[PDB]
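One file, model_35.cif, is given below (mmCIF, C-alpha atoms).
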data_model
loop_
_atom_site.label_atom_id
_atom_site.label_comp_id
_atom_site.auth_asym_id
_atom_site.auth_seq_id
_atom_site.Cartn_x
_atom_site.Cartn_y
_atom_site.Cartn_z
CA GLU P 18 88.54 150.48 87.82
CA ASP P 19 91.18 150.20 90.49
CA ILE P 20 94.76 149.28 89.97
CA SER P 21 94.60 146.24 87.84
CA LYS P 22 91.87 145.89 85.23
CA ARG P 23 90.06 142.63 85.87
CA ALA P 24 87.85 140.32 83.77
CA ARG P 25 86.23 137.01 84.82
CA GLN P 26 89.16 134.96 86.12
CA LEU P 27 89.38 131.75 84.09
CA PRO P 28 90.68 128.77 86.09
CA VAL P 29 94.33 127.70 85.77
CA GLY P 30 95.07 124.03 85.15
CA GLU P 31 97.23 123.11 88.16
CA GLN P 32 98.69 119.82 89.33
CA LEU P 33 96.87 117.40 91.65
CA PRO P 34 97.11 118.71 95.27
CA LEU P 35 99.06 116.82 97.93
CA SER P 36 96.01 115.50 99.74
CA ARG P 37 94.50 113.81 96.68
CA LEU P 38 97.60 111.75 95.81
CA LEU P 39 97.95 110.47 99.38
CA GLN P 40 94.47 108.99 99.14
CA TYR P 41 95.68 106.49 96.54
CA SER P 42 98.42 105.22 98.82
CA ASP P 43 97.74 102.71 101.61
CA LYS P 44 98.79 102.01 105.19
CA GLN P 45 102.06 100.32 104.18
CA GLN P 46 103.22 103.08 101.79
CA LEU P 47 102.02 105.97 104.04
CA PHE P 48 103.68 104.49 107.05
CA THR P 49 106.84 103.76 105.07
CA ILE P 50 107.08 107.24 103.62
CA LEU P 51 106.29 108.73 106.98
CA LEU P 52 109.13 106.81 108.65
CA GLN P 53 111.62 108.41 106.26
CA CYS P 54 110.21 111.90 106.67
CA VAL P 55 111.20 111.65 110.33
CA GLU P 56 114.58 110.15 109.50
CA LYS P 57 115.10 113.40 107.60
CA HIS P 58 113.46 115.57 110.26
CA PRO P 59 114.04 114.02 113.73
CA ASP P 60 112.06 116.86 115.33
CA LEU P 61 108.90 115.35 113.77
CA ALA P 62 109.17 112.31 116.04
CA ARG P 63 108.49 114.56 119.05
CA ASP P 64 105.34 116.11 117.55
CA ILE P 65 103.77 112.82 116.46
CA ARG P 66 104.74 111.52 119.88
CA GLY P 67 102.72 114.24 121.50
CA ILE P 68 99.96 113.40 119.03
CA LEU P 69 99.62 109.64 119.31
CA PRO P 70 98.68 107.97 122.61
CA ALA P 71 100.87 105.10 123.83
CA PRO P 72 98.86 101.86 123.64
CA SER P 73 97.85 100.50 127.07
CA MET P 74 99.76 97.60 128.62
CA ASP P 75 96.69 95.51 127.91
CA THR P 76 96.71 96.68 124.33
CA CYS P 77 100.32 95.63 123.94
CA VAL P 78 99.77 92.24 125.63
CA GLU P 79 96.70 91.75 123.41
CA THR P 80 98.94 92.41 120.40
CA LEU P 81 101.54 89.77 121.30
CA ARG P 82 98.75 87.25 121.87
CA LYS P 83 97.28 87.97 118.45
CA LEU P 84 100.83 87.88 117.02
CA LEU P 85 101.63 84.42 118.35
CA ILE P 86 98.23 83.09 117.28
CA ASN P 87 99.01 84.16 113.72
CA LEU P 88 102.09 81.94 114.02
CA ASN P 89 100.36 78.80 115.28
CA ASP P 90 97.92 78.94 112.36
CA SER P 91 100.55 79.71 109.72
CA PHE P 92 101.86 76.15 110.07
CA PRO P 93 101.45 74.27 106.79
CA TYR P 94 98.55 71.91 106.08
CA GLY P 95 99.25 68.27 106.83
CA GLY P 96 102.93 68.07 107.68
CA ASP P 97 105.39 68.00 110.59
CA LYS P 98 105.28 71.22 112.64
CA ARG P 99 108.86 70.58 113.74
CA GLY P 100 109.85 70.04 110.14
CA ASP P 101 112.30 72.23 108.27
CA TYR P 102 109.77 73.05 105.56
CA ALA P 103 107.26 73.86 108.25
CA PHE P 104 109.87 76.23 109.55
CA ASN P 105 110.32 78.36 106.43
CA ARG P 106 106.59 78.82 106.23
CA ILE P 107 106.29 80.27 109.75
CA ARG P 108 109.64 82.10 109.85
CA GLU P 109 108.25 85.50 108.98
CA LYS P 110 105.42 85.19 111.52
CA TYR P 111 107.87 83.91 114.13
CA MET P 112 110.14 86.91 113.68
CA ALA P 113 107.03 89.04 114.15
CA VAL P 114 106.42 87.70 117.65
CA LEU P 115 110.05 88.19 118.54
CA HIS P 116 110.37 91.66 116.99
CA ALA P 117 107.35 92.76 119.02
CA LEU P 118 108.92 91.59 122.31
CA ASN P 119 112.11 93.56 121.58
CA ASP P 120 109.93 96.60 120.93
CA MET P 121 107.57 96.33 123.84
CA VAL P 122 109.60 94.88 126.76
CA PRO P 123 112.04 97.83 127.07
CA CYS P 124 109.01 100.03 127.88
CA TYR P 125 108.80 98.23 131.19
CA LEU P 126 112.55 98.38 132.15
CA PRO P 127 114.52 100.30 134.93
CA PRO P 128 115.37 103.95 133.79
CA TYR P 129 112.18 104.51 131.59
CA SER P 130 109.58 102.59 133.64
CA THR P 131 110.17 102.88 137.38
CA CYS P 132 106.86 101.25 138.24
CA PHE P 133 107.87 97.91 139.69
CA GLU P 134 104.42 96.44 139.94
CA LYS P 135 103.78 97.27 136.33
CA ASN P 136 107.01 95.98 134.82
CA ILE P 137 106.64 92.63 136.52
CA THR P 138 103.15 92.14 135.11
CA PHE P 139 104.54 92.67 131.63
CA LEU P 140 107.57 90.47 132.19
CA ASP P 141 105.20 87.78 133.35
CA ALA P 142 103.00 88.17 130.27
CA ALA P 143 106.09 88.34 128.09
CA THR P 144 107.72 85.24 129.54
CA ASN P 145 104.49 83.28 129.09
CA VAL P 146 104.41 84.49 125.50
CA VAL P 147 107.91 83.00 125.10
CA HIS P 148 106.82 79.72 126.71
CA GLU P 149 104.61 79.23 123.67
CA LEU P 150 107.20 79.62 120.93
CA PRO P 151 107.50 76.53 118.61
CA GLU P 152 110.36 74.01 119.00
CA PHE P 153 111.82 72.24 115.93
CA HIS P 154 113.85 69.19 114.94
CA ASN P 155 116.70 71.23 113.61
CA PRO P 156 118.77 72.77 116.42
CA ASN P 157 119.23 76.00 114.44
CA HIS P 158 115.52 77.03 114.53
CA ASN P 159 115.35 76.55 118.31
CA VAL P 160 118.24 78.96 118.97
CA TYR P 161 115.71 81.84 118.70
CA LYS P 162 113.67 80.41 121.55
CA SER P 163 116.59 79.81 123.94
CA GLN P 164 118.04 83.15 122.96
CA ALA P 165 114.70 84.59 123.92
CA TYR P 166 114.87 82.94 127.35
CA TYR P 167 118.37 84.37 127.90
CA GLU P 168 117.49 87.99 127.08
CA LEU P 169 114.28 87.49 128.93
CA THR P 170 116.33 86.63 132.03
CA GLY P 171 118.33 89.80 131.70
CA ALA P 172 115.15 91.87 132.04
CA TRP P 173 113.73 90.19 135.12
CA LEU P 174 117.06 90.93 136.73
CA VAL P 175 117.15 94.64 135.89
CA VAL P 176 113.49 94.88 136.96
CA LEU P 177 114.20 93.26 140.35
CA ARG P 178 117.44 95.17 140.82
CA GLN P 179 115.45 98.35 141.27
CA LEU P 180 114.36 96.84 144.54
CA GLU P 181 117.95 96.72 145.79
CA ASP P 182 118.24 100.34 146.85
CA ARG P 183 114.46 100.64 147.33
CA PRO P 184 113.30 100.46 151.01
CA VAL P 185 109.81 98.86 151.24
CA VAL P 186 109.50 95.74 149.12
CA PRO P 187 106.39 93.83 148.02
CA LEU P 188 105.92 90.07 148.01
CA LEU P 189 107.85 89.15 144.86
CA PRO P 190 106.46 86.39 142.54
CA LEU P 191 108.65 83.52 143.83
CA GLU P 192 106.08 80.90 142.83
CA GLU P 193 105.50 82.41 139.37
CA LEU P 194 109.22 82.69 138.60
CA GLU P 195 109.79 79.20 140.05
CA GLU P 196 107.39 77.75 137.48
CA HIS P 197 108.62 80.17 134.88
CA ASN P 198 112.20 78.91 135.25
CA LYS P 199 110.99 75.31 135.36
CA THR P 200 109.08 75.45 132.09
CA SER P 201 112.22 77.10 130.74
CA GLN P 202 114.35 74.05 131.45
CA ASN P 203 116.20 76.09 134.16
CA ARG P 204 117.35 78.89 131.81
CA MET P 205 115.89 81.55 134.16
CA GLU P 206 117.98 80.18 137.01
CA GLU P 207 119.92 83.43 137.47
CA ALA P 208 116.67 85.39 137.83
CA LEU P 209 115.01 82.86 140.12
CA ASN P 210 118.15 83.09 142.27
CA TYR P 211 118.27 86.88 142.42
CA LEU P 212 114.54 86.85 143.16
CA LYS P 213 115.08 84.65 146.22
CA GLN P 214 118.21 86.61 147.12
CA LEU P 215 116.52 89.99 147.24
CA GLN P 216 113.34 88.48 148.66
CA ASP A 19 139.82 95.54 124.65
CA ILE A 20 139.81 99.02 126.24
CA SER A 21 136.56 98.82 128.23
CA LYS A 22 135.91 96.17 130.85
CA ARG A 23 132.75 94.74 129.28
CA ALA A 24 130.57 92.34 131.32
CA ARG A 25 127.33 90.60 130.38
CA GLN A 26 125.07 93.25 128.87
CA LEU A 27 121.86 93.89 130.81
CA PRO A 28 118.82 95.32 128.96
CA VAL A 29 118.08 99.06 129.15
CA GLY A 30 114.58 100.53 129.06
CA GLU A 31 113.27 102.94 126.39
CA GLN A 32 110.06 104.21 124.79
CA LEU A 33 108.66 101.76 122.23
CA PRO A 34 110.19 102.60 118.85
CA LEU A 35 108.57 104.85 116.22
CA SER A 36 107.69 101.92 113.94
CA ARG A 37 105.74 100.38 116.81
CA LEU A 38 103.82 103.49 117.84
CA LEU A 39 102.59 104.07 114.26
CA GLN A 40 101.28 100.50 114.10
CA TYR A 41 98.35 101.51 116.31
CA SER A 42 96.91 103.97 113.79
CA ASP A 43 95.14 103.36 110.46
CA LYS A 44 95.53 105.02 107.06
CA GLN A 45 93.38 107.94 108.22
CA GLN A 46 95.72 109.21 110.96
CA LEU A 47 98.85 108.33 109.04
CA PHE A 48 97.36 110.31 106.16
CA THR A 49 96.61 113.27 108.38
CA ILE A 50 99.71 113.42 110.57
CA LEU A 51 101.83 112.93 107.47
CA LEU A 52 100.03 115.91 105.94
CA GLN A 53 101.01 118.11 108.90
CA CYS A 54 104.63 117.02 108.41
CA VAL A 55 104.61 118.58 104.93
CA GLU A 56 103.08 121.76 106.33
CA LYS A 57 105.93 122.17 108.82
CA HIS A 58 108.64 120.90 106.48
CA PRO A 59 107.51 121.99 102.93
CA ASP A 60 110.63 120.45 101.44
CA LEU A 61 109.01 117.11 102.27
CA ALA A 62 106.40 117.49 99.54
CA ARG A 63 109.02 117.41 96.79
CA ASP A 64 110.32 114.04 98.01
CA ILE A 65 106.87 112.48 98.41
CA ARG A 66 105.57 113.82 95.08
CA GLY A 67 107.82 112.26 92.45
CA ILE A 68 107.70 108.91 94.24
CA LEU A 69 103.92 108.51 94.56
CA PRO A 70 101.68 106.59 92.11
CA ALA A 71 99.46 109.06 90.25
CA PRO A 72 95.77 108.12 89.85
CA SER A 73 94.69 107.58 86.22
CA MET A 74 91.78 109.49 84.71
CA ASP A 75 89.49 106.48 85.09
CA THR A 76 90.42 106.09 88.76
CA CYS A 77 89.69 109.78 89.45
CA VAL A 78 86.34 109.38 87.67
CA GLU A 79 85.63 106.26 89.76
CA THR A 80 86.33 108.28 92.93
CA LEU A 81 83.69 110.88 92.06
CA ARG A 82 80.97 108.32 91.38
CA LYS A 83 81.58 106.58 94.69
CA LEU A 84 81.53 109.97 96.39
CA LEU A 85 78.16 111.11 95.08
CA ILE A 86 76.84 107.58 95.38
CA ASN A 87 77.95 107.87 99.00
CA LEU A 88 76.29 111.28 99.27
CA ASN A 89 72.98 109.94 97.90
CA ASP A 90 72.70 107.24 100.60
CA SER A 91 73.49 109.76 103.37
CA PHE A 92 69.97 111.19 103.00
CA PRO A 93 67.76 110.58 106.08
CA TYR A 94 65.24 107.72 106.06
CA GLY A 95 62.26 108.70 103.90
CA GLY A 96 61.96 112.37 104.78
CA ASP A 97 61.84 115.28 102.36
CA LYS A 98 65.11 115.07 100.40
CA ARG A 99 64.79 118.82 99.82
CA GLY A 100 64.11 119.98 103.33
CA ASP A 101 66.73 121.86 105.34
CA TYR A 102 67.15 118.97 107.77
CA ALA A 103 68.26 116.62 104.99
CA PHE A 104 70.76 119.25 103.87
CA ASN A 105 72.65 119.20 107.17
CA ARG A 106 72.88 115.45 107.41
CA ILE A 107 74.42 115.76 103.97
CA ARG A 108 76.31 119.04 103.74
CA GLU A 109 79.54 117.16 104.44
CA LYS A 110 79.15 114.32 101.93
CA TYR A 111 77.93 117.01 99.55
CA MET A 112 81.02 119.18 100.05
CA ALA A 113 83.26 116.13 99.52
CA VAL A 114 82.02 115.97 95.96
CA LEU A 115 82.87 119.61 95.31
CA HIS A 116 86.35 119.42 96.92
CA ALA A 117 87.14 116.41 94.79
CA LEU A 118 85.94 118.32 91.74
CA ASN A 119 88.02 121.36 92.71
CA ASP A 120 91.11 119.21 93.21
CA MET A 121 90.87 117.01 90.13
CA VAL A 122 89.41 119.32 87.49
CA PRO A 123 92.31 121.80 87.28
CA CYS A 124 94.47 118.74 86.75
CA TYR A 125 93.08 118.86 83.16
CA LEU A 126 93.34 122.46 81.96
CA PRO A 127 95.83 124.56 80.05
CA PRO A 128 99.30 125.23 81.32
CA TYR A 129 99.30 121.73 82.78
CA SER A 130 97.22 119.63 80.32
CA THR A 131 97.78 120.43 76.64
CA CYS A 132 96.10 117.27 75.34
CA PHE A 133 92.74 118.66 74.27
CA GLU A 134 91.23 115.28 73.33
CA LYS A 135 91.81 114.20 76.93
CA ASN A 136 90.63 117.22 78.93
CA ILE A 137 87.28 117.33 77.16
CA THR A 138 86.92 113.69 78.21
CA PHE A 139 87.34 114.63 81.88
CA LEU A 140 85.23 117.79 81.89
CA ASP A 141 82.51 115.78 80.24
CA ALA A 142 82.51 113.28 83.14
CA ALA A 143 82.80 116.16 85.64
CA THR A 144 79.78 118.03 84.24
CA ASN A 145 77.71 114.86 84.62
CA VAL A 146 78.78 114.66 88.25
CA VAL A 147 77.63 118.25 88.70
CA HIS A 148 74.27 117.57 86.97
CA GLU A 149 73.68 114.81 89.51
CA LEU A 150 74.08 117.23 92.46
CA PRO A 151 71.00 117.57 94.78
CA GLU A 152 68.54 120.53 94.52
CA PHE A 153 66.85 121.88 97.71
CA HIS A 154 63.79 123.95 98.71
CA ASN A 155 65.86 126.63 100.41
CA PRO A 156 67.36 128.80 97.69
CA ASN A 157 70.51 129.31 99.80
CA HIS A 158 71.50 125.64 99.42
CA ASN A 159 71.50 125.83 95.63
CA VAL A 160 74.19 128.39 95.14
CA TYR A 161 76.75 125.58 95.60
CA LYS A 162 75.42 123.71 92.56
CA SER A 163 74.57 126.94 90.81
CA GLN A 164 78.18 128.08 91.35
CA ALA A 165 79.51 124.69 90.30
CA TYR A 166 77.92 125.16 86.88
CA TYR A 167 79.52 128.61 86.68
CA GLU A 168 83.05 127.24 87.41
CA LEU A 169 82.96 124.31 84.99
CA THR A 170 81.68 126.84 82.45
CA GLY A 171 84.95 128.72 82.85
CA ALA A 172 86.76 125.40 82.97
CA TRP A 173 85.50 124.40 79.49
CA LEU A 174 86.33 127.89 78.26
CA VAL A 175 90.02 127.63 79.03
CA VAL A 176 90.08 124.13 77.55
CA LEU A 177 88.43 125.34 74.37
CA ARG A 178 90.71 128.43 74.27
CA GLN A 179 93.95 126.41 74.04
CA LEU A 180 92.47 125.15 70.76
CA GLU A 181 92.79 128.62 69.24
CA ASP A 182 96.17 129.72 67.85
CA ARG A 183 97.00 126.00 67.58
CA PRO A 184 96.82 124.47 64.02
CA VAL A 185 93.68 122.71 62.75
CA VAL A 186 90.46 122.38 64.74
CA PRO A 187 89.58 118.92 66.15
CA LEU A 188 85.99 117.64 66.12
CA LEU A 189 84.66 119.79 68.97
CA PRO A 190 82.02 118.18 71.23
CA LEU A 191 79.47 120.65 69.85
CA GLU A 192 76.84 117.96 70.24
CA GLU A 193 77.94 117.26 73.83
CA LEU A 194 77.91 120.71 75.47
CA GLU A 195 74.42 121.07 73.96
CA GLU A 196 72.81 118.42 76.15
CA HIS A 197 74.99 119.81 78.93
CA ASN A 198 73.90 123.45 78.64
CA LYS A 199 70.29 122.34 78.10
CA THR A 200 70.46 120.35 81.36
CA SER A 201 72.20 123.10 83.27
CA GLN A 202 69.21 125.34 82.83
CA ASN A 203 71.32 127.37 80.42
CA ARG A 204 73.98 128.90 82.72
CA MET A 205 76.66 127.09 80.74
CA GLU A 206 75.91 128.82 77.46
CA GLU A 207 78.96 131.06 77.49
CA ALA A 208 81.20 128.02 77.02
CA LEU A 209 78.89 126.60 74.34
CA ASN A 210 78.46 129.86 72.40
CA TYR A 211 82.23 129.72 72.10
CA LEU A 212 82.01 126.10 70.89
CA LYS A 213 79.92 126.90 67.83
CA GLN A 214 82.09 130.01 67.49
CA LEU A 215 85.46 128.27 67.42
CA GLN A 216 83.99 125.33 65.50
#
Encoded form (structure tokens):
Amino acid sequence: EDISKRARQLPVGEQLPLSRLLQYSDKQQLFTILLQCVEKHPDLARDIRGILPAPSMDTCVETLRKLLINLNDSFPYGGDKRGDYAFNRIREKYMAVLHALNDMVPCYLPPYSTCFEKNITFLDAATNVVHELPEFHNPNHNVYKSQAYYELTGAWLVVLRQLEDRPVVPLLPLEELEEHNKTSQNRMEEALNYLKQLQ
Amino acid sequence: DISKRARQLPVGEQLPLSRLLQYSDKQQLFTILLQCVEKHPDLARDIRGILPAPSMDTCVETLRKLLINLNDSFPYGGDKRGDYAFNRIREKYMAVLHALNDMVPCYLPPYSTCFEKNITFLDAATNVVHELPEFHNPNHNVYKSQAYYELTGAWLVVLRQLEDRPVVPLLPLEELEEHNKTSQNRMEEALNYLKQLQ
């Protein structure tokens, strides 16, 4: 009767909706496509940020532990662990441990994280994680471990340095860093020194 | 050079985006990504043409699993037609219909011209709808009652695109029969047209 004369509306054959197609795409692909949606729309990163909770320090530490375990077990069957061939096999996994450290550690550094007691706890965990890295016969493969010690040293410094201007200082981990630097073949010297200095 | 650079000391930041999204499974990624398209519609175009489309068989597989998932959701050994059972299953029930609603249109005119294919799908969709669960309360049967109505219209459009077009394929006249007989006859409109066209 009214404006337009109607008669049983027959369905229209439309295209598969967005939700349905995303179902047939997994974690990798989703994640990967999502990372580019943000690259195109930076503002998205803030929303998601306010949507996803930051994993707890313990969660993070638990991740690195799992990450280095993956490495130890990725070593080939019955061969030399310090071997070159044994290296190529674990490379990927190795990089994974390292890439995590680069990600996580900055969360517990000077401007961003001002909590001294926290940051140390993570540096300690982190350094121990680095103590475990695999050595090799070839001097090239070991460069990633020493490099790790170096950068690692930089962080302990910056972390301690926030104590400089800060009145009221705790009882810094002299014994922990002492052993830390020892296991490290003295690479952490500079940090051990500043520790004692400030202390 | 121009700046007096010393040994670089690390600077603190918030763990990168790639890291944060590592502590979330396909569910959340799926969801949050969905909201991104809602706020930035232009994102759908980019994600569309680059995503792997599910084949007919896969879609069909999805439905089976769904209703097979909905059949196990029924409480212990209670009355599978009581109201209580309905609740514990409304959701898994609805999932079946949503999936039907999404996928079915994907095989009608405008979009799908290939008659010999659409019939194939609708056939498998009607069977899914036969399988739906009946209940004592009459209010919980409108969903399945309505389903039958919709697919009726759905076969109509499919059969209609076989009009002005040359020749007349071998219509599933013998198929819709067992379908309309099973659907307690509320699918006759589409079948009366079958014998008609045919």
Distance limit 6 Å, atoms considered: all atoms listed in the file. Which chain P residues sit that close to chain A? Return them as a VMD selection string. chain P and resid 27 30 to 33 44 120 to 121 123 to 124 126 to 129 171 to 172
Please write as a PyMOL selection string the full residue list that the PyMOL selection byres ((chain P and resi 154) around 12) yields on this file. chain P and resi 97-104+151-153+155-160
What is the atom CA of residue P:40 to atom CA of residue A:145 distance in Å?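 Here the two named atoms are 22.9 Å from each other.
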Which residues come within 12 Å of stretch 173-188 of chain P, counting all atoms listed in the file, excluding same-chain residues fewer than 2 positions away, as a ChimeraX atom specification? /P:122-144,166-171,190-194,197-198,205-216 /A:26-30
Please provide the set of residues having any atom within 8 Å of stretch 152-160 of chain A, restricted to all atoms listed in the file, with same-chain residues fewer than 5 positions apart removed, written as a PDB file with C-alpha atoms, in the coordinates of the input.
ATOM      1  CA  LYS A  98      65.110 115.070 100.400  1.00  0.00           C
ATOM      2  CA  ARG A  99      64.790 118.820  99.820  1.00  0.00           C
ATOM      3  CA  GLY A 100      64.110 119.980 103.330  1.00  0.00           C
ATOM      4  CA  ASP A 101      66.730 121.860 105.340  1.00  0.00           C
ATOM      5  CA  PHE A 104      70.760 119.250 103.870  1.00  0.00           C
TER       6      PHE A 104
END
Two-atom distance - atom CA of residue A:83, atom CA of residue A:138 (Å):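 That distance, rounded to one decimal, is 18.7 Å.
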As a check of understanding, name the residues that the PyMOL selection byres ((chain A and resi 134) around 10) selects in the supplied structure, as a PyMOL selection string. chain A and resi 131-133+135-139+176+187-190
Students should find that atom CA of residue A:214 and atom CA of residue A:192 are spaced 13.4 Å
On this structure, the PyMOL selection byres ((chain A and resi 93) around 9) would catch which residues? List them as a CSV table (one decimal) with C-alpha atoms, keeping the file's coordinate frame, sorted by chain and number.
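File written: part-v4.csv
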chain,number,residue,atom,x,y,z
A,90,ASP,CA,72.7,107.2,100.6
A,91,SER,CA,73.5,109.8,103.4
A,92,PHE,CA,70.0,111.2,103.0
A,94,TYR,CA,65.2,107.7,106.1
A,95,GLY,CA,62.3,108.7,103.9
A,96,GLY,CA,62.0,112.4,104.8
A,97,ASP,CA,61.8,115.3,102.4
A,98,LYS,CA,65.1,115.1,100.4
A,102,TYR,CA,67.2,119.0,107.8
A,103,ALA,CA,68.3,116.6,105.0
A,106,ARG,CA,72.9,115.4,107.4
A,107,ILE,CA,74.4,115.8,104.0
I need the residue nearest residue P:37 from this list: A:20, A:87, A:215, A:118. Use only C-alpha atoms for the distance. A:118
To box stretch 111-117 of chain A, take all atoms listed in the file, fit an axis-aligned box, add 5 Å on each side, and give centre and edge lengths in Å to one decimal, as JSON.
{"center_x": 82.5, "center_y": 117.8, "center_z": 97.4, "size_x": 19.2, "size_y": 13.6, "size_z": 15.3}
